[PDB]
Amino acid sequence: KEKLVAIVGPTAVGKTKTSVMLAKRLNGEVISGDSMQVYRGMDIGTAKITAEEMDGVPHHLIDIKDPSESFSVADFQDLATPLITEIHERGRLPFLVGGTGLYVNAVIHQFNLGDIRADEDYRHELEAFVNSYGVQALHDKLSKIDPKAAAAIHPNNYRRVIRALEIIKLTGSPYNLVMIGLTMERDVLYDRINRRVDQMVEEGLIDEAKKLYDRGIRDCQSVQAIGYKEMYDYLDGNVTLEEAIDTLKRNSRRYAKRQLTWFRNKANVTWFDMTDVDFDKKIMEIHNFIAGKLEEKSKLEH
Amino acid sequence: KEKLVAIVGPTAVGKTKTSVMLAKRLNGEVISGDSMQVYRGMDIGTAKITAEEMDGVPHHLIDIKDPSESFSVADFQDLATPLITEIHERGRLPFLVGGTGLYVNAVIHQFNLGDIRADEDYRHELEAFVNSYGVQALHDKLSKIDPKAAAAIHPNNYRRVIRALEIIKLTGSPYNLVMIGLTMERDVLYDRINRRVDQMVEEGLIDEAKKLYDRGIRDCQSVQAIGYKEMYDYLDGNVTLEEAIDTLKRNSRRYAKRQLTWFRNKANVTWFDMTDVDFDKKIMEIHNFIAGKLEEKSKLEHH
């Protein structure tokens with residue numbers, strides 16, 4: 001069993017710092033689970049971790065996609081899974097940090113994510129069927145398990161029937177995981193979120209959004225993110241600059257509240273309240289818990 | 001457009017002879033449309049055409065697949081379509097003879113025959129949706145498109161809800177062709193079909209089945225054919241020999257009646273009655289009609 005630590009939680013709770021400090025005394029590398037951190041050229045609107053924040057700790061899945069490309073949960077899982085092994089090959093401890101429920105669960109649970117495709121074998125026996133019988137017999141076979149659907153297509157249209165049948169056919173954690181969550185009192189988290197927005201505006205979020213806008217990026221996953229869409233409406237002349245800023249802040253607060261509720265609903269997640277800035281004591285408490293659970297799970301497995 | 005002559009009709013109506021005679025005075029080649037003719041070693045049970053019956057006319061798609069292999073309509077189409085072009089490259093007229101409606105229609109219509117897969121983008125769209133909005137919102141989405149399935153899945157099971165929405169989203173002639181059909185009076189056709197069966201028994205059908213049976217062939221396309229399956233029940237000891245022969249004859253007649261119904265239902269099929277009539281006179285009538293229609297369609301196309 002491969003050991004994996006996951007750090008989840010809303011935005012602005014100190015998920016980056018606690019992760020770099022834990023990876024330092026635990027000899028680990030970080031796998032980014034934030035789907036927005038993958039787009040290069042977009043550093044401000046996405047609050048991208050700086051090389052100075054990594055402080056030696058190697059991070060992966062950052063700046064690997066162009067703002068015009070998409071990055072689905074399947075893409076994430078295909079890259080992340082191999083990484084966990086490659087990091088272990090180095091003798092380091094893999095750290096999965098941040099991300100939405102979809103991307104995180106896809107890795108910790110190793111879901112299928114395979115495409116929904118028909119089985120060519122079944123199509124063959126369906127063709128052999130109409131070959132031996134007729135287009136009426138096949139159609140009846142459809143009415144014997146779905147009269148409504150069959151009463152919708154023409155019994156002579158054996159082409160659709162075979163499809164309706166092939167579709168009607170489709171119808172009917174492995175890792176040594178340790179997952180912790182970082183919370184914080186409501187009012188405090190929101191103030192840091194609003195100030196986060198002012199910072200982006202101060203650093204030049206508007207320019208960053210105009211660059212993308214000018215290059216013709218529109219209706220893409222990158223630009224639809226809850227930190228670029230507000231600036232786009234402004235550039236479109238649909239809202240005032242102050243309205244967009246107020247909307248961005250609100251959307252970020254709504255988003256953080258939604259991310260907490262989600263992970264708070266996840267079982268097997270040990271929460272830590274970061275309301276107090278006493279890092280030295282908390283990080284030491286978190287490392288002890290993580291280091292311990294990994295070891296007792298390893299022993300139990302052995 | 002590329003020219004293509006199709007000769008369709010049930011079994012025992014003289015589809016072979018009339019086709020080789022037509023191809024002689026029309027400088028053509030024959031493409032076998034009978035899926036069973038592809039399996040080598042199965043000559044009797046499939047009433048395979050002999051080199052002598054071909055009488056010089058070249059035939060394709062005969063004896064190209066081992067009885068253990070499968071041969072779908074798609075396989076046939078990928079082999080016939082290119083062949084029609086290769087026959088035209090030689091300056092000959094391609095003839096699609098016999099076969100079941102499935103194989104002939106797929107060729108004369110160039111059906112896509114493409115697989116069915118769920119667009120990876122729509123799935124991406126749903127995941128983004130479930131993350132941008134409640135998990136029950138994604139549930140309400142499906143509930144408005146199919147409340148029955150919705151009420152059948154807990155809203156917290158977004159994975160199963162995404163699956164339902166993807167499945168739902170799934171369900172949301174180039175040739176200058178002349179098609180002729182050969183028919184015959186009911187009673188006459190049936191008797192010729194029964195005698196065809198006895199002929200097979202006389203030539204060695206049973207032995208032919210025993211060889212495929214003995215080599216271990218079972219539950220394959222080849223052996224599931226309406227002329228080898230009856231013998232297999234006998235060989236399995238589920239039915240008496242006389243019962244198999246009687247059942248084979250019946251299934252053979254039932255299958256002819258179905259083949260006729262299918263083609264009779266195809267528009268643009270000019271029929272000809274072969275009921276114990278004068279051959280020399282019929283073939284001459286059929287050639288005139290075929291040769292003429294091909295030319296008037298060609299002229300019309302020149303416009």
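Readers should treat all values here as calculations from the given coordinates under stated rules, not as data from a laboratory. No Cβ is skipped: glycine too gets one built from the backbone with ideal geometry, and neighbour counts run over all protein chains shown.
In this entry, region A:75-212 is assigned a mean projected area of 16.9 nm², taken as a quarter of its C-alpha convex hull surface.
For A:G28, nonlocal amide neighbours, meaning residues 5 or more places apart or on other chains whose placed amide H falls under 5 Å from its own, are A:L93.
Arrange the following residues from fewest to most other Cβ atoms within 10 Å of their Cβ: B:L4, A:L294, B:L138.
On the way: B:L4 25, A:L294 18, B:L138 21.
By the 10 Å Cβ count, ascending, the order reads A:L294, B:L138, B:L4.
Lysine pair count for region B:185-265 with Cα-Cα distance under 15 Å and sequence separation of 8 or more or different chains is 4.
State the Cα centre-to-centre distance between region B:185-220 and region B:8-56 in whole Å. If you average the Cα positions of each part, the centres end up 17 Å apart. Calculated from the alpha-carbon coordinates, chain B shows an Rg and a Dmax of 25.1, 78 Å respectively. Residues A:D34, B:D236 in ascending order of nearby Cβ atoms (within 10 Å, fewest first): B:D236, A:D34.
Rounded, prolate or oblate: which fits region B:185-265 when a ≥ b ≥ c are the square roots of the eigenvalues of the alpha-carbon gyration tensor, with rounded for a/c under 1.5 and prolate only if a/b beats b/c?
Values: a/c = 2.30, a/b = 1.63, b/c = 1.41.
Note, shape of region B:185-265 comes out prolate.
Among A:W262, A:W271, sorting on how many other beta-carbon atoms sit within 10 Å of each Cβ, with the fewest leading, yields A:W271, A:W262.
Per the Cauchy relation, a quarter of the hull surface: what is the mean projected area of the convex hull of the alpha carbons in the protein assembly as shown, in nm²?
On the way: hull surface 155.7 nm².
Computing the convex hull of the Cα atoms and averaging its projections yields 38.9 nm².
For region A:214-302, the list of trypsin sites (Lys or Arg not before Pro) that fall in a loop by DSSP and count at most 11 other C-beta atoms within 10 angstrom reads A:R215.
Within the straight-line cut-off of under 22 Å between alpha carbons, the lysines reachable from B:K3 are B:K15, B:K17, B:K24, B:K266, B:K293, B:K297, B:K299, sequence neighbours fewer than 8 places apart in one chain being disregarded. Taking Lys and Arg as +1 and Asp and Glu as -1, the other residues whose beta-carbon sits under 14 Å from that of A:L93 total +3. Each 10 Å bin from zero holds the following percent of Cα-Cα pairs in region A:11-162: 10, 28, 20, 9, 13, 14, 7, 0.
Quick check of the Kirkwood formula: for region A:117-172, what is the inverse mean of 1/r over all pairs of different Cα atoms, in Å?
Working: mean 1/r = 0.0906 Å⁻¹.
Result for region A:117-172 stands at 11.0 Å.
Neighbours of A:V135, meaning other residues whose beta-carbon lies under 12 angstrom from its beta-carbon, give a summed charge of +3 when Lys and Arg score +1 and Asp and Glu score -1.
Other residues whose C-beta falls under 9 angstrom from the C-beta of A:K282 contribute a net charge of -4, scoring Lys and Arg +1 and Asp and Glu -1.
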